[PDB]
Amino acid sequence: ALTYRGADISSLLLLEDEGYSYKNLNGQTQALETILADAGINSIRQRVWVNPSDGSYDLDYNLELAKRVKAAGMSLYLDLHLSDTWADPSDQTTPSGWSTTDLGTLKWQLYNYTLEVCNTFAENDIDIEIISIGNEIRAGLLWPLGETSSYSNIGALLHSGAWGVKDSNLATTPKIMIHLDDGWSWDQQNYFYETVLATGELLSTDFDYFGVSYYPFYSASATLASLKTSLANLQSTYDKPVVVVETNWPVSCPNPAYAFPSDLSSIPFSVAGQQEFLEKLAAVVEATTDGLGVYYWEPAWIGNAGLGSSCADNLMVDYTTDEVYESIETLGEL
C-alpha cells in the first residue's frame, strides 16, 4: 500500500453545520472521518486560509477539524494557501493585513504566520505530518512581491515560511512541501524548481516533499504516461519524494469541456470507473522511486459535486443517500 492514502475533506465542518451527515457502506450514519479511517484512509489534507472575513477554513476551523482527524488516528497535511481565499496559478492574493509593498515586512509576516500556525497545533497537542508553503504556486505566491517576475522573492518567501515551521514548538518538524499544479508536465515542474533554486534564496535543505495536482479533465495532455515521466524526473533530479496531493475522477460527466487523456479514455464515468482510475494512478506512484501517495480532493463535498470541473459528479459519496461509495475502500487500500 502507498505511504499515504488520503482525502481532502476541508469542507466537512461546513457541511455538518448545514445539517449534513454520512453513512458507511452498511447504511449506518457515522462521522465521516471514522468512515474513512476504517476504510483505510490514513491521512487528511486541510486547506488553511489566513483571514477570511467569514472564517471559512481559518485556523480555528482547522483546529476543530484536525482534532477529529487525530482522534480517528490519521495523519494531518496542512495546505497553507497563504491567502484569505482560494490560491492557485491565476490568483495568489496576499492576505489582507500582510504587505504588498515591502519584502522585508512580508518575509517576517509569513515566517511569523507558519511559526504561529505550528505553535497553535502544538498547544492543542496535534502533530502535523505535512505542511505545504502555499497551494499550486507555479505562478508564484503572495502577489505582487511573489510574482514570477522575481523568482528571487519567491525563493526568499518560501525560505522564510519553511523556517517558521522549522523554528516552531512542534515536537517533530512536519515534512515541508512545495506544491505545483499540472503534475503531468515535467517542463513546468522542472522550470519552477531549477529557476527558484538557481537564485540561492531557497535552499534544497529548506523543504522535504514535492506535491503536484493531477486532474484528467482540464487537458488531454494529462496522460498517466506524462505524469509517470514527470514524477520520475522530479525525484531523480532533486532527490526528494513525490506526492499527488489532488485528484478526481467523475462518476458522471455528461459533457466534458476537454477530451480526456488517451491512456484514460477507456475508463467509464461511474463508481467502477473511479476505482479503475485510482488503482491505475496508484500504480504510477507506486512504481516511482519514493512515490509516497495520493490524496483525493473533496470526495464528500455534497452540493458541489462537480468540484469546479466541467463534469457533473466527482464525489465519492451518494448525493442523495449521503452514503459513501465503494470507491472509498479502493482509495483506502491503494
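All residue numbers refer to positions in the sequence shown, first residue = 1.
Looking at 175-183 and 225-233 together, the entry lists the larger mean B-factor for 225-233, computed on C-alpha atoms. Two stretches are in play, 27-35 and 275-283, and the higher mean C-alpha B-factor belongs to 27-35. Looking only at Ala139, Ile133, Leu170, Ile130, the residue with the top Cα B factor in the deposited structure is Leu170.
The entry assigns its greatest Cα B factor, within the set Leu106, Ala87, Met74, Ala156, to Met74. Among all modelled residues in this chain, the alpha-carbon of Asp58 has a temperature factor (C-alpha) in the middle third. The entry lists a Cα temperature factor for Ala162 that places it in the middle third of the chain's modelled residues. Per the deposited record, the Cα B-factor of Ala122 falls in the highest third when ranked against the other modelled residues of its chain. For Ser11, the recorded CA temperature factor ranks within the middle third of the chain's modelled residues. Annotation for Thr205: C-alpha temperature factor in the highest third relative to the rest of the modelled chain, per the entry.
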